[PDB]
$ cat my_file-v1.cif   # mmCIF, C-alpha atoms and all ligand atoms
data_structure
#
loop_
_atom_site.group_PDB
_atom_site.id
_atom_site.type_symbol
_atom_site.label_atom_id
_atom_site.label_comp_id
_atom_site.auth_asym_id
_atom_site.auth_seq_id
_atom_site.Cartn_x
_atom_site.Cartn_y
_atom_site.Cartn_z
ATOM 1 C CA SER A 57 -19.599 -13.867 14.375
ATOM 2 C CA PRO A 58 -16.440 -15.956 15.066
ATOM 3 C CA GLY A 59 -15.321 -15.420 11.472
ATOM 4 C CA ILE A 60 -15.526 -11.618 11.344
ATOM 5 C CA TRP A 61 -12.372 -9.415 11.113
ATOM 6 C CA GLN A 62 -11.708 -5.741 10.530
ATOM 7 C CA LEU A 63 -8.612 -4.649 8.607
ATOM 8 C CA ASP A 64 -7.230 -1.131 8.891
ATOM 9 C CA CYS A 65 -4.051 0.716 7.935
ATOM 10 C CA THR A 66 -1.885 2.862 10.148
ATOM 11 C CA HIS A 67 1.292 4.781 9.378
ATOM 12 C CA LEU A 68 4.461 5.336 11.372
ATOM 13 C CA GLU A 69 7.946 6.473 10.378
ATOM 14 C CA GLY A 70 7.025 6.545 6.700
ATOM 15 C CA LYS A 71 6.025 2.889 6.867
ATOM 16 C CA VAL A 72 2.615 1.246 6.487
ATOM 17 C CA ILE A 73 1.250 -1.231 9.057
ATOM 18 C CA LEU A 74 -1.882 -3.377 8.388
ATOM 19 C CA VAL A 75 -3.779 -4.330 11.549
ATOM 20 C CA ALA A 76 -6.412 -7.021 11.490
ATOM 21 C CA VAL A 77 -8.672 -7.193 14.561
ATOM 22 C CA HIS A 78 -10.895 -10.184 15.306
ATOM 23 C CA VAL A 79 -13.978 -8.217 16.211
ATOM 24 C CA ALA A 80 -15.423 -10.462 18.873
ATOM 25 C CA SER A 81 -12.193 -10.934 20.896
ATOM 26 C CA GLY A 82 -10.030 -7.911 20.047
ATOM 27 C CA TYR A 83 -7.165 -10.261 19.104
ATOM 28 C CA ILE A 84 -4.833 -8.653 16.488
ATOM 29 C CA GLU A 85 -2.495 -9.703 13.686
ATOM 30 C CA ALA A 86 -0.448 -6.782 12.397
ATOM 31 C CA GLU A 87 2.631 -6.428 10.135
ATOM 32 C CA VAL A 88 4.604 -3.641 8.485
ATOM 33 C CA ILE A 89 4.061 -4.008 4.733
ATOM 34 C CA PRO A 90 6.224 -2.781 1.835
ATOM 35 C CA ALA A 91 3.548 -0.448 0.397
ATOM 36 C CA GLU A 92 -0.239 -0.112 0.654
ATOM 37 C CA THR A 93 -0.847 -1.834 -2.726
ATOM 38 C CA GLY A 94 -3.257 -4.463 -3.755
ATOM 39 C CA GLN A 95 -0.474 -7.050 -4.135
ATOM 40 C CA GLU A 96 0.733 -6.513 -0.527
ATOM 41 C CA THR A 97 -2.803 -6.378 0.793
ATOM 42 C CA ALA A 98 -3.745 -9.617 -0.909
ATOM 43 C CA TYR A 99 -0.562 -11.191 0.612
ATOM 44 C CA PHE A 100 -1.551 -10.043 4.134
ATOM 45 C CA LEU A 101 -5.172 -11.289 3.694
ATOM 46 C CA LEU A 102 -3.928 -14.739 2.493
ATOM 47 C CA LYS A 103 -1.613 -14.952 5.486
ATOM 48 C CA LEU A 104 -4.392 -14.126 7.895
ATOM 49 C CA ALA A 105 -6.914 -16.527 6.300
ATOM 50 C CA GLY A 106 -4.409 -19.365 6.542
ATOM 51 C CA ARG A 107 -4.048 -18.946 10.302
ATOM 52 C CA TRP A 108 -7.653 -18.339 11.487
ATOM 53 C CA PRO A 109 -11.104 -19.196 9.993
ATOM 54 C CA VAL A 110 -11.803 -15.897 8.252
ATOM 55 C CA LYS A 111 -15.267 -15.485 6.715
ATOM 56 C CA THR A 112 -15.743 -11.751 6.339
ATOM 57 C CA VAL A 113 -13.309 -8.840 6.486
ATOM 58 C CA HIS A 114 -14.509 -5.276 6.980
ATOM 59 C CA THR A 115 -12.057 -2.930 5.297
ATOM 60 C CA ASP A 116 -11.900 0.758 4.540
ATOM 61 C CA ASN A 117 -12.693 -0.136 0.917
ATOM 62 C CA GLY A 118 -9.976 2.143 -0.478
ATOM 63 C CA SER A 119 -7.641 1.967 -3.446
ATOM 64 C CA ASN A 120 -5.763 -1.190 -2.483
ATOM 65 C CA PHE A 121 -9.041 -3.180 -2.435
ATOM 66 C CA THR A 122 -10.327 -2.354 -5.923
ATOM 67 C CA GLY A 123 -7.859 -4.407 -7.991
ATOM 68 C CA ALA A 124 -7.832 -7.836 -9.555
ATOM 69 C CA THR A 125 -5.200 -9.262 -7.164
ATOM 70 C CA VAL A 126 -7.030 -8.596 -3.916
ATOM 71 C CA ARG A 127 -10.350 -9.739 -5.371
ATOM 72 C CA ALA A 128 -8.708 -12.986 -6.606
ATOM 73 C CA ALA A 129 -7.116 -13.677 -3.203
ATOM 74 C CA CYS A 130 -10.329 -13.085 -1.231
ATOM 75 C CA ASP A 131 -12.178 -15.324 -3.781
ATOM 76 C CA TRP A 132 -9.546 -18.087 -3.479
ATOM 77 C CA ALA A 133 -9.587 -18.022 0.330
ATOM 78 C CA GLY A 134 -13.376 -17.813 0.497
ATOM 79 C CA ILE A 135 -13.465 -14.451 2.242
ATOM 80 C CA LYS A 136 -16.241 -11.899 1.618
ATOM 81 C CA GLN A 137 -15.718 -8.163 1.890
ATOM 82 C CA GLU A 138 -18.856 -6.689 3.554
ATOM 83 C CA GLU A 152 -11.251 0.992 16.455
ATOM 84 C CA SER A 153 -8.546 2.925 18.298
ATOM 85 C CA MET A 154 -6.822 -0.423 18.338
ATOM 86 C CA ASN A 155 -4.698 1.709 15.992
ATOM 87 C CA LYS A 156 -4.422 4.120 18.925
ATOM 88 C CA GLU A 157 -3.710 1.584 21.690
ATOM 89 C CA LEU A 158 -1.423 -0.344 19.370
ATOM 90 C CA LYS A 159 0.553 2.833 18.521
ATOM 91 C CA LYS A 160 0.655 3.581 22.229
ATOM 92 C CA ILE A 161 2.315 0.218 22.989
ATOM 93 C CA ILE A 162 4.658 0.640 20.036
ATOM 94 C CA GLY A 163 5.485 4.039 21.593
ATOM 95 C CA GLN A 164 6.369 2.303 24.884
ATOM 96 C CA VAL A 165 8.620 -0.325 23.244
ATOM 97 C CA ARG A 166 10.064 1.620 20.327
ATOM 98 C CA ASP A 167 13.493 2.245 21.978
ATOM 99 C CA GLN A 168 14.179 -1.502 22.539
ATOM 100 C CA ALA A 169 14.253 -2.641 18.971
ATOM 101 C CA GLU A 170 16.213 -1.081 16.127
ATOM 102 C CA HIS A 171 13.581 -1.780 13.588
ATOM 103 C CA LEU A 172 10.013 -0.716 13.693
ATOM 104 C CA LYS A 173 8.917 -4.091 12.542
ATOM 105 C CA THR A 174 10.285 -5.650 15.665
ATOM 106 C CA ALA A 175 8.612 -3.095 17.829
ATOM 107 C CA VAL A 176 5.311 -3.812 15.951
ATOM 108 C CA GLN A 177 5.519 -7.597 16.799
ATOM 109 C CA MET A 178 6.436 -6.784 20.436
ATOM 110 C CA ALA A 179 3.287 -4.556 20.572
ATOM 111 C CA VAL A 180 1.130 -7.347 19.066
ATOM 112 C CA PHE A 181 2.466 -9.762 21.737
ATOM 113 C CA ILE A 182 1.678 -7.406 24.578
ATOM 114 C CA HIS A 183 -1.769 -6.533 23.241
ATOM 115 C CA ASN A 184 -2.732 -10.147 22.741
ATOM 116 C CA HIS A 185 -1.360 -11.459 26.114
ATOM 117 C CA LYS A 186 -2.355 -8.580 28.405
ATOM 118 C CA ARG A 187 -5.018 -9.713 30.949
ATOM 119 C CA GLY A 193 -9.892 -11.795 33.314
ATOM 120 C CA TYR A 194 -9.125 -13.154 29.868
ATOM 121 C CA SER A 195 -6.565 -11.892 27.335
ATOM 122 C CA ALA A 196 -7.590 -11.303 23.701
ATOM 123 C CA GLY A 197 -5.715 -14.473 22.863
ATOM 124 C CA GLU A 198 -7.596 -16.574 25.350
ATOM 125 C CA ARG A 199 -10.870 -15.003 24.093
ATOM 126 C CA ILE A 200 -10.309 -15.705 20.408
ATOM 127 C CA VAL A 201 -9.487 -19.333 21.039
ATOM 128 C CA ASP A 202 -12.509 -19.757 23.295
ATOM 129 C CA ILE A 203 -14.865 -18.164 20.827
ATOM 130 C CA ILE A 204 -13.621 -20.169 17.893
ATOM 131 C CA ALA A 205 -13.504 -23.433 19.844
ATOM 132 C CA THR A 206 -17.112 -22.868 20.774
ATOM 133 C CA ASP A 207 -17.739 -22.058 17.060
ATOM 134 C CA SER B 57 1.433 -30.540 25.240
ATOM 135 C CA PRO B 58 -0.332 -27.267 24.225
ATOM 136 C CA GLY B 59 2.592 -24.815 24.321
ATOM 137 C CA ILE B 60 5.156 -26.886 22.409
ATOM 138 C CA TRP B 61 6.344 -25.912 18.863
ATOM 139 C CA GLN B 62 9.105 -27.095 16.514
ATOM 140 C CA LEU B 63 10.887 -24.598 14.252
ATOM 141 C CA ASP B 64 12.776 -25.747 11.194
ATOM 142 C CA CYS B 65 14.274 -24.175 8.096
ATOM 143 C CA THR B 66 13.716 -25.223 4.517
ATOM 144 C CA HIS B 67 15.136 -23.795 1.297
ATOM 145 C CA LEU B 68 13.610 -23.108 -2.096
ATOM 146 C CA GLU B 69 14.753 -20.948 -4.990
ATOM 147 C CA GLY B 70 17.655 -19.554 -3.015
ATOM 148 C CA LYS B 71 15.343 -18.217 -0.328
ATOM 149 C CA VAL B 72 14.902 -19.340 3.268
ATOM 150 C CA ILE B 73 11.536 -20.386 4.781
ATOM 151 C CA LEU B 74 11.055 -20.885 8.534
ATOM 152 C CA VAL B 75 8.250 -23.316 9.434
ATOM 153 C CA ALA B 76 6.903 -23.529 12.924
ATOM 154 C CA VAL B 77 4.746 -26.604 13.690
ATOM 155 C CA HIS B 78 2.514 -26.855 16.757
ATOM 156 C CA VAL B 79 3.450 -30.354 17.679
ATOM 157 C CA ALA B 80 0.172 -31.603 19.098
ATOM 158 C CA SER B 81 -2.085 -30.409 16.182
ATOM 159 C CA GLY B 82 0.236 -30.134 13.140
ATOM 160 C CA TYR B 83 -0.833 -26.525 12.599
ATOM 161 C CA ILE B 84 1.880 -24.455 10.794
ATOM 162 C CA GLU B 85 3.015 -20.846 10.652
ATOM 163 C CA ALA B 86 5.623 -20.349 7.963
ATOM 164 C CA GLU B 87 7.149 -17.479 6.044
ATOM 165 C CA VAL B 88 10.033 -16.598 3.775
ATOM 166 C CA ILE B 89 12.655 -14.640 5.719
ATOM 167 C CA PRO B 90 15.346 -12.425 4.313
ATOM 168 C CA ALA B 91 18.291 -14.507 5.651
ATOM 169 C CA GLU B 92 18.824 -17.267 8.192
ATOM 170 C CA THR B 93 20.294 -14.903 10.812
ATOM 171 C CA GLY B 94 19.760 -14.428 14.489
ATOM 172 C CA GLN B 95 17.969 -11.073 13.921
ATOM 173 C CA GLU B 96 15.427 -12.575 11.455
ATOM 174 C CA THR B 97 14.972 -15.670 13.569
ATOM 175 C CA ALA B 98 14.295 -13.588 16.644
ATOM 176 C CA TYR B 99 11.748 -11.558 14.603
ATOM 177 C CA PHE B 100 9.951 -14.746 13.458
ATOM 178 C CA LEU B 101 9.867 -16.182 17.055
ATOM 179 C CA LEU B 102 8.392 -12.944 18.458
ATOM 180 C CA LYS B 103 5.760 -12.950 15.744
ATOM 181 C CA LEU B 104 4.813 -16.518 16.526
ATOM 182 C CA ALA B 105 4.778 -15.942 20.333
ATOM 183 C CA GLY B 106 2.482 -12.963 19.960
ATOM 184 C CA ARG B 107 -0.148 -15.037 18.144
ATOM 185 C CA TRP B 108 -0.205 -18.341 20.126
ATOM 186 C CA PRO B 109 0.785 -19.252 23.704
ATOM 187 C CA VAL B 110 4.312 -20.544 23.028
ATOM 188 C CA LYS B 111 6.117 -22.127 25.990
ATOM 189 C CA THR B 112 8.884 -24.215 24.394
ATOM 190 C CA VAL B 113 10.371 -24.277 20.920
ATOM 191 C CA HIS B 114 12.415 -27.226 19.671
ATOM 192 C CA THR B 115 14.899 -25.898 17.091
ATOM 193 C CA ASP B 116 17.842 -27.357 15.226
ATOM 194 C CA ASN B 117 20.100 -25.416 17.589
ATOM 195 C CA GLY B 118 22.263 -24.094 14.694
ATOM 196 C CA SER B 119 24.098 -20.871 14.063
ATOM 197 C CA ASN B 120 21.132 -18.506 14.094
ATOM 198 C CA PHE B 121 20.237 -19.615 17.653
ATOM 199 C CA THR B 122 23.542 -18.933 19.400
ATOM 200 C CA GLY B 123 23.517 -15.143 19.365
ATOM 201 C CA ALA B 124 22.466 -12.376 21.731
ATOM 202 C CA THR B 125 19.416 -11.230 19.768
ATOM 203 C CA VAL B 126 17.636 -14.574 19.635
ATOM 204 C CA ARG B 127 18.400 -15.353 23.286
ATOM 205 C CA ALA B 128 17.017 -11.925 24.318
ATOM 206 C CA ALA B 129 13.829 -12.344 22.243
ATOM 207 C CA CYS B 130 13.117 -15.797 23.664
ATOM 208 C CA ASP B 131 13.846 -14.402 27.207
ATOM 209 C CA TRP B 132 11.515 -11.417 26.658
ATOM 210 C CA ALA B 133 8.698 -13.594 25.273
ATOM 211 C CA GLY B 134 9.068 -16.222 28.004
ATOM 212 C CA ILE B 135 9.992 -19.034 25.604
ATOM 213 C CA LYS B 136 12.432 -21.810 26.435
ATOM 214 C CA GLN B 137 14.515 -23.719 23.890
ATOM 215 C CA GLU B 138 14.381 -27.424 24.864
ATOM 216 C CA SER B 153 6.581 -34.851 9.081
ATOM 217 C CA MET B 154 4.542 -31.853 7.766
ATOM 218 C CA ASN B 155 7.639 -30.258 6.151
ATOM 219 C CA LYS B 156 7.937 -32.361 3.029
ATOM 220 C CA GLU B 157 4.115 -32.054 2.768
ATOM 221 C CA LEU B 158 4.590 -28.276 2.746
ATOM 222 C CA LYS B 159 7.037 -28.227 -0.170
ATOM 223 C CA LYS B 160 4.716 -30.623 -1.990
ATOM 224 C CA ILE B 161 1.752 -28.191 -1.730
ATOM 225 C CA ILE B 162 4.010 -25.280 -2.618
ATOM 226 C CA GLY B 163 4.944 -27.413 -5.638
ATOM 227 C CA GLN B 164 1.239 -27.801 -6.484
ATOM 228 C CA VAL B 165 0.566 -24.002 -6.352
ATOM 229 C CA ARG B 166 3.833 -22.399 -7.410
ATOM 230 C CA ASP B 167 2.477 -21.538 -10.940
ATOM 231 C CA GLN B 168 -0.370 -19.382 -9.532
ATOM 232 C CA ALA B 169 1.557 -16.674 -7.796
ATOM 233 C CA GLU B 170 4.383 -14.630 -9.206
ATOM 234 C CA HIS B 171 6.309 -14.642 -5.942
ATOM 235 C CA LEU B 172 7.402 -17.503 -3.753
ATOM 236 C CA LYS B 173 6.149 -15.691 -0.618
ATOM 237 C CA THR B 174 2.612 -15.846 -1.979
ATOM 238 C CA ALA B 175 2.868 -19.516 -2.839
ATOM 239 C CA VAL B 176 4.148 -20.184 0.719
ATOM 240 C CA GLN B 177 1.078 -18.542 2.329
ATOM 241 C CA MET B 178 -1.279 -20.394 -0.074
ATOM 242 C CA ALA B 179 0.459 -23.644 1.036
ATOM 243 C CA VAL B 180 0.031 -22.740 4.721
ATOM 244 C CA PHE B 181 -3.693 -22.083 4.132
ATOM 245 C CA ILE B 182 -4.227 -25.415 2.436
ATOM 246 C CA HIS B 183 -2.255 -27.297 5.009
ATOM 247 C CA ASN B 184 -4.082 -25.758 7.950
ATOM 248 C CA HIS B 185 -7.616 -26.061 6.488
ATOM 249 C CA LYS B 186 -7.372 -29.484 4.796
ATOM 250 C CA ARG B 187 -9.778 -31.947 6.517
ATOM 251 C CA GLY B 193 -12.550 -35.366 10.961
ATOM 252 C CA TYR B 194 -10.680 -32.196 11.856
ATOM 253 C CA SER B 195 -8.204 -29.851 10.228
ATOM 254 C CA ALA B 196 -4.937 -28.806 11.899
ATOM 255 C CA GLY B 197 -6.597 -25.432 12.530
ATOM 256 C CA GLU B 198 -9.566 -26.932 14.248
ATOM 257 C CA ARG B 199 -7.235 -29.182 16.272
ATOM 258 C CA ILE B 200 -4.993 -26.386 17.556
ATOM 259 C CA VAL B 201 -7.951 -24.241 18.710
ATOM 260 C CA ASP B 202 -9.568 -27.275 20.411
ATOM 261 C CA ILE B 203 -6.366 -28.208 22.205
ATOM 262 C CA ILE B 204 -5.553 -24.735 23.334
ATOM 263 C CA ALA B 205 -9.082 -23.995 24.436
ATOM 264 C CA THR B 206 -9.024 -27.131 26.576
ATOM 265 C CA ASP B 207 -5.817 -25.693 28.254
HETATM 266 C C1 LIG A 301 -8.109 -20.247 26.019
HETATM 267 N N1 LIG A 301 -7.115 -20.579 27.075
HETATM 268 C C2 LIG A 301 -5.690 -20.896 26.800
HETATM 269 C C3 LIG A 301 -4.722 -19.737 26.485
HETATM 270 S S1 LIG A 301 -4.795 -19.107 24.865
HETATM 271 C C4 LIG A 301 -3.575 -17.909 25.125
HETATM 272 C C5 LIG A 301 -3.201 -17.050 23.972
HETATM 273 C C6 LIG A 301 -3.566 -17.343 22.636
HETATM 274 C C7 LIG A 301 -3.100 -16.495 21.632
HETATM 275 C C8 LIG A 301 -2.323 -15.351 21.937
HETATM 276 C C9 LIG A 301 -1.998 -15.075 23.260
HETATM 277 C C10 LIG A 301 -2.435 -15.916 24.266
HETATM 278 N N2 LIG A 301 -3.063 -17.981 26.406
HETATM 279 C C11 LIG A 301 -3.629 -18.966 27.200
HETATM 280 C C12 LIG A 301 -3.209 -19.146 28.652
HETATM 281 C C1 LIG A 302 -12.372 -25.631 16.497
HETATM 282 N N1 LIG A 302 -13.465 -25.419 15.514
HETATM 283 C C2 LIG A 302 -13.638 -24.178 14.729
HETATM 284 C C3 LIG A 302 -12.799 -24.009 13.451
HETATM 285 S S1 LIG A 302 -11.157 -23.458 13.665
HETATM 286 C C4 LIG A 302 -10.761 -23.500 11.988
HETATM 287 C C5 LIG A 302 -9.383 -23.075 11.605
HETATM 288 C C6 LIG A 302 -8.506 -22.426 12.502
HETATM 289 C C7 LIG A 302 -7.265 -22.038 11.984
HETATM 290 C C8 LIG A 302 -6.843 -22.285 10.660
HETATM 291 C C9 LIG A 302 -7.717 -22.969 9.815
HETATM 292 C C10 LIG A 302 -8.976 -23.349 10.285
HETATM 293 N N2 LIG A 302 -11.858 -23.881 11.233
HETATM 294 C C11 LIG A 302 -13.009 -24.161 11.970
HETATM 295 C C12 LIG A 302 -14.305 -24.641 11.327
HETATM 296 CL CL CL A 303 -5.864 -0.595 4.152
HETATM 297 CL CL CL A 304 16.498 -22.552 11.488
#

$ encode --input "my_file-v1.cif" --output "structure tokens"
Amino acid sequence: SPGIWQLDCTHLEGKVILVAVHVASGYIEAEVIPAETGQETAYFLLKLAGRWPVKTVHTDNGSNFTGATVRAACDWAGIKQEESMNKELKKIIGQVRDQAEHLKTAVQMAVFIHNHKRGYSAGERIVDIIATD
Amino acid sequence: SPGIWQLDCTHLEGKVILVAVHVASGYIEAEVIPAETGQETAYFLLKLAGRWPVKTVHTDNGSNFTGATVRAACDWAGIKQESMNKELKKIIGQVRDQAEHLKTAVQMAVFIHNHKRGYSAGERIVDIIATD
């Protein structure tokens, strides 16, 4: 299941963060998004699918997935819709929050640490899994 | 060499796009950024370095690289400062009419560029990096 991702939302400081986890490796892509809307969700899914070979995304199936825009983007990219990362990830953002003005910066520092931490990191694992394929 | 990227800027519709190319594979990460400033450049470099093992970035060494923020982000991430780009605007040209917003058209263009195929740029970067 090299192509399988899980997408969840998490909230901090009145802002919305989408976190996509590659299930088999635990590698994450996460970004603060303007609002939890289908348009912004579709944008995030298109970004992810351009960077890794995404076949299926497990989502929470809420409001921002019911609309025409998200359905059209998943169709176009060839994606089918069919834990406590949020916790660990918030924990690391908690550790780094004071070093960046903006939450978004702190989010990308937390992604870096999560993906690089090692006897393989999540980044080494996703590449190995996909290379094997 | 697996860890080597090139970062360039390109402009379209009064907005700024940064494009990072993994030199050995031609794989691209690109996005529209709010302004070509040290703060936004630093943000884009940290994003990239969190997602791939980035050792060296070749940049154009202009104004948005001389400041304290960018130097500190490259330090923190362990990055040193030491072709596809017209292709990219071409694809964006091909898809512009299908998304309202430029940002959307950019990510569609990245997808097509990275998946287009013996191997795509996406298959090549994973193969190269997995080899080590
Ligand atoms: C599979 N072995 C090579 C890799 S891949 C890697 C990495 C990839 C993505 C994010 C973070 C680290 N670091 C190393 C040392
Ligand atoms: C190395 N072989 C497995 C891959 S990797 C891949 C891909 C990775 C990133 C962006 C686009 C495609 N497609 C496939 C079929
Ligand atoms: Cl969500
Ligand atoms: Cl630049």

$ residues_around --input "my_file-v1.cif" --residues "residue 86 (chain A)" --least-positions-apart "5" --cutoff "12 Å" --atoms "all atoms listed in the file" --output "ChimeraX atom specification"
/A:62-66,72-78,97,100-101,103-104,154-155,158-159,162,173-181,183-184 /B:103-104,106-107

$ write_last_selection --input "my_file-v1.cif" --atoms "C-alpha atoms" --output "PDB file, in the coordinates of the input"
ATOM      1  CA  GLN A  62     -11.708  -5.741  10.530  1.00  0.00           C
ATOM      2  CA  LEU A  63      -8.612  -4.649   8.607  1.00  0.00           C
ATOM      3  CA  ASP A  64      -7.230  -1.131   8.891  1.00  0.00           C
ATOM      4  CA  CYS A  65      -4.051   0.716   7.935  1.00  0.00           C
ATOM      5  CA  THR A  66      -1.885   2.862  10.148  1.00  0.00           C
ATOM      6  CA  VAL A  72       2.615   1.246   6.487  1.00  0.00           C
ATOM      7  CA  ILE A  73       1.250  -1.231   9.057  1.00  0.00           C
ATOM      8  CA  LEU A  74      -1.882  -3.377   8.388  1.00  0.00           C
ATOM      9  CA  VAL A  75      -3.779  -4.330  11.549  1.00  0.00           C
ATOM     10  CA  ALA A  76      -6.412  -7.021  11.490  1.00  0.00           C
ATOM     11  CA  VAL A  77      -8.672  -7.193  14.561  1.00  0.00           C
ATOM     12  CA  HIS A  78     -10.895 -10.184  15.306  1.00  0.00           C
ATOM     13  CA  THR A  97      -2.803  -6.378   0.793  1.00  0.00           C
ATOM     14  CA  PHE A 100      -1.551 -10.043   4.134  1.00  0.00           C
ATOM     15  CA  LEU A 101      -5.172 -11.289   3.694  1.00  0.00           C
ATOM     16  CA  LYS A 103      -1.613 -14.952   5.486  1.00  0.00           C
ATOM     17  CA  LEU A 104      -4.392 -14.126   7.895  1.00  0.00           C
ATOM     18  CA  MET A 154      -6.822  -0.423  18.338  1.00  0.00           C
ATOM     19  CA  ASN A 155      -4.698   1.709  15.992  1.00  0.00           C
ATOM     20  CA  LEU A 158      -1.423  -0.344  19.370  1.00  0.00           C
ATOM     21  CA  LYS A 159       0.553   2.833  18.521  1.00  0.00           C
ATOM     22  CA  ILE A 162       4.658   0.640  20.036  1.00  0.00           C
ATOM     23  CA  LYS A 173       8.917  -4.091  12.542  1.00  0.00           C
ATOM     24  CA  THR A 174      10.285  -5.650  15.665  1.00  0.00           C
ATOM     25  CA  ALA A 175       8.612  -3.095  17.829  1.00  0.00           C
ATOM     26  CA  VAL A 176       5.311  -3.812  15.951  1.00  0.00           C
ATOM     27  CA  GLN A 177       5.519  -7.597  16.799  1.00  0.00           C
ATOM     28  CA  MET A 178       6.436  -6.784  20.436  1.00  0.00           C
ATOM     29  CA  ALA A 179       3.287  -4.556  20.572  1.00  0.00           C
ATOM     30  CA  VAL A 180       1.130  -7.347  19.066  1.00  0.00           C
ATOM     31  CA  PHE A 181       2.466  -9.762  21.737  1.00  0.00           C
ATOM     32  CA  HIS A 183      -1.769  -6.533  23.241  1.00  0.00           C
ATOM     33  CA  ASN A 184      -2.732 -10.147  22.741  1.00  0.00           C
TER      34      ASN A 184
ATOM     35  CA  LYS B 103       5.760 -12.950  15.744  1.00  0.00           C
ATOM     36  CA  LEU B 104       4.813 -16.518  16.526  1.00  0.00           C
ATOM     37  CA  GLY B 106       2.482 -12.963  19.960  1.00  0.00           C
ATOM     38  CA  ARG B 107      -0.148 -15.037  18.144  1.00  0.00           C
TER      39      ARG B 107
END

$ interface_residues --input "my_file-v1.cif" --of "chain B" --to "chain A" --cutoff "6 Å" --atoms "all atoms listed in the file" --output "MDAnalysis selection string"
chainID B and resid 103 106 177 180:181 201:202 205

$ atom_distance --input "my_file-v1.cif" --atom1 "CA of residue 93 (chain B)" --atom2 "CA of residue 57 (chain B)"
28.4 Å

$ atom_distance --input "my_file-v1.cif" --atom1 "CA of residue 134 (chain A)" --atom2 "CA of residue 69 (chain B)"
28.8 Å

$ residues_around --input "my_file-v1.cif" --residues "residue 95 (chain B)" --least-positions-apart "4" --cutoff "12 Å" --atoms "only C-alpha atoms" --output "PDB file with C-alpha atoms, in the frame of the given file"
ATOM      1  CA  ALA A 169      14.253  -2.641  18.971  1.00  0.00           C
ATOM      2  CA  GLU A 170      16.213  -1.081  16.127  1.00  0.00           C
ATOM      3  CA  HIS A 171      13.581  -1.780  13.588  1.00  0.00           C
ATOM      4  CA  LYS A 173       8.917  -4.091  12.542  1.00  0.00           C
ATOM      5  CA  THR A 174      10.285  -5.650  15.665  1.00  0.00           C
TER       6      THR A 174
ATOM      7  CA  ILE B  89      12.655 -14.640   5.719  1.00  0.00           C
ATOM      8  CA  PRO B  90      15.346 -12.425   4.313  1.00  0.00           C
ATOM      9  CA  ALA B  91      18.291 -14.507   5.651  1.00  0.00           C
ATOM     10  CA  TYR B  99      11.748 -11.558  14.603  1.00  0.00           C
ATOM     11  CA  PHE B 100       9.951 -14.746  13.458  1.00  0.00           C
ATOM     12  CA  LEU B 101       9.867 -16.182  17.055  1.00  0.00           C
ATOM     13  CA  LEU B 102       8.392 -12.944  18.458  1.00  0.00           C
ATOM     14  CA  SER B 119      24.098 -20.871  14.063  1.00  0.00           C
ATOM     15  CA  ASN B 120      21.132 -18.506  14.094  1.00  0.00           C
ATOM     16  CA  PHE B 121      20.237 -19.615  17.653  1.00  0.00           C
ATOM     17  CA  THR B 122      23.542 -18.933  19.400  1.00  0.00           C
ATOM     18  CA  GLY B 123      23.517 -15.143  19.365  1.00  0.00           C
ATOM     19  CA  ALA B 124      22.466 -12.376  21.731  1.00  0.00           C
ATOM     20  CA  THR B 125      19.416 -11.230  19.768  1.00  0.00           C
ATOM     21  CA  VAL B 126      17.636 -14.574  19.635  1.00  0.00           C
ATOM     22  CA  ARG B 127      18.400 -15.353  23.286  1.00  0.00           C
ATOM     23  CA  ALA B 128      17.017 -11.925  24.318  1.00  0.00           C
ATOM     24  CA  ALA B 129      13.829 -12.344  22.243  1.00  0.00           C
ATOM     25  CA  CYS B 130      13.117 -15.797  23.664  1.00  0.00           C
TER      26      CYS B 130
END
